[PDB]
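Form deposited in one PDB entry, single chain, as structure tokens, below.
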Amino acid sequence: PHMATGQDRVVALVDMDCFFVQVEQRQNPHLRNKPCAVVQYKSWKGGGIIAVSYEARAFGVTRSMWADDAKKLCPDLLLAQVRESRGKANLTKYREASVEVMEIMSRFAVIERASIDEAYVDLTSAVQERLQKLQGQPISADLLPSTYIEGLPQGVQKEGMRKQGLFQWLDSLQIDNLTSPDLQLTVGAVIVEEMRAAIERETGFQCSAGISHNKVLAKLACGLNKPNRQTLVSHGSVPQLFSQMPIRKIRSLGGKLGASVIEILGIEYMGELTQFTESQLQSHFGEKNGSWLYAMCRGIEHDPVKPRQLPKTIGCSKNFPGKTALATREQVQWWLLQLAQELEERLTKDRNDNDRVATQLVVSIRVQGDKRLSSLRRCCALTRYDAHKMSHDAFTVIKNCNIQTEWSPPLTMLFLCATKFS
């Protein structure tokens, strides 16, 4: 139960299964229980894929691959596309579905919304209460209909394995020690089973969850048994789980830092970090990242679940590749205006719904020839929620950046974001 072994909390991560697909299926019943996908608003090669149904994943379909190329592998494949507005994607439908789920989770515990379809939950308090109200009654497997215990058992049919693993887990749980970490996780999974049932009952959406002692393990556990299932990862299962867990699959190590770890230490798996001393890790990744790595490879992490439901920023952007790159003043003014209008639309609802106002406008662009996501970013005061004014304010700041008569090189990206709410 110690902080020392990082078994001090019960944390869960809930993520909706093929979220965009499910949102479309709720509107159109005919799309249910059939292989389908959702492509971006642009139609070329059938459109880029962002969300794929599980039925369709069986045929090998993935996101980030062309729709028509996906078609060949799964000809039965049904397609849904993001509605278009002001020349760009319209995600209102999904954002609205997102709100539904979040309000339901917030009823069971305060949450930390981490993305449009997932949120972390700190269930530590709720678990104590459940242990109080239970009054010593045992936990039957019937309260965990969709739970997988990572690492078990030791020694369609897949359902048989799940229950056997679940039974050995339950048969070895502490009965008298209410502060037993494993027992705490188990109760946390019970609460999550209820939470997920409510989400489905009230919205029809299905999802998965991970229950463990920290955000990193909870997030990792969540992807272990998808879809419509939840996974419990105990501290004792970590050595085994990490023995062959690719380093880049761990939260915050999917990019350069993670690549750097693989490269500098000559390892591929999380479990291999264990052989290094904390000082070796600090001398190579820094005091802070070194200590974090030292503890994380042992299943220990302390980032707290921070209650957040409201976005810290609201923004939108658009890319204009190749021929399309924005060269003239007319072009840049118009697209800035389209973006600012979407911004105004969202900021308005934001103010109507949450009584806060953005005081700052951030403008970001990318000039043709630049490999980076964004070439530069600037900001200015956001006094009025007026799209025309904001468009001109944004234009003035990008005009300042730097051929004094047109844009050379041209812009391949425009970005507007409202922040500094108060």
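Just count from 1 along the sequence shown to find any residue number. The term rigid core refers to the maximal set of C-alpha atoms that superpose within 1.5 Å between the two forms.
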Original post:
Which class fits the unmodelled deposited stretch between residue 408 and residue 409: none, 1 to 3, 4 to 9, or 10 or more?
Top reply: none
Original post:
178-186 versus 305-313: which one carries the higher mean Cα B factor per the record?
Top reply: 305-313
Subject >> 232-240 versus 122-130 - greater average Cα B-factor per the deposited record >> reply: 122-130
Subject >> Top Cα B factor in the deposited entry, candidates 221, 191, 257, 79 >> reply: 79
Original post:
Say you rank 71, 213, 288, 196 by Cα B-factor from the PDB entry; which sits at the top?
Top reply: 71
**OP:** Taking the values exactly as deposited, rank residue 403 by C-alpha B-factor within its chain and report the matching third: lowest, middle or highest.
**Re:** highest
Original post:
C-alpha B factor of residue 205, ranked within the chain: lowest, middle or highest third?
Top reply: middle
**OP:** Compare the C-alpha B factor of residue 33 with those of the other modelled residues in its chain, then answer lowest, middle or highest third.
**Re:** highest
**OP:** Consider only the C-alpha atoms of the modelled residues in this chain, order them by B-factor as the entry records it, and name the third containing residue 153: lowest, middle or highest.
**Re:** highest
**OP:** Name the third of the chain's ranked CA B-factors that contains residue 143, choosing lowest, middle or highest.
**Re:** middle
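There is also a form deposited in another entry; it is not shown, and the following applies to it.
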Subject >> Single mover in 172, 348, 140, 177, with Cα shift of 2 Å or more between this form and the one not shown when the core is superposed >> reply: 177
Subject >> Closer or farther in the other form, the Cα atoms of residue 111 and residue 178, when the shift from this form is 3 Å or more >> reply: farther
Subject >> Shift in CA distance, residue 169 and residue 177, in the other form relative to the form shown here, given it is 3 Å or more >> reply: closer
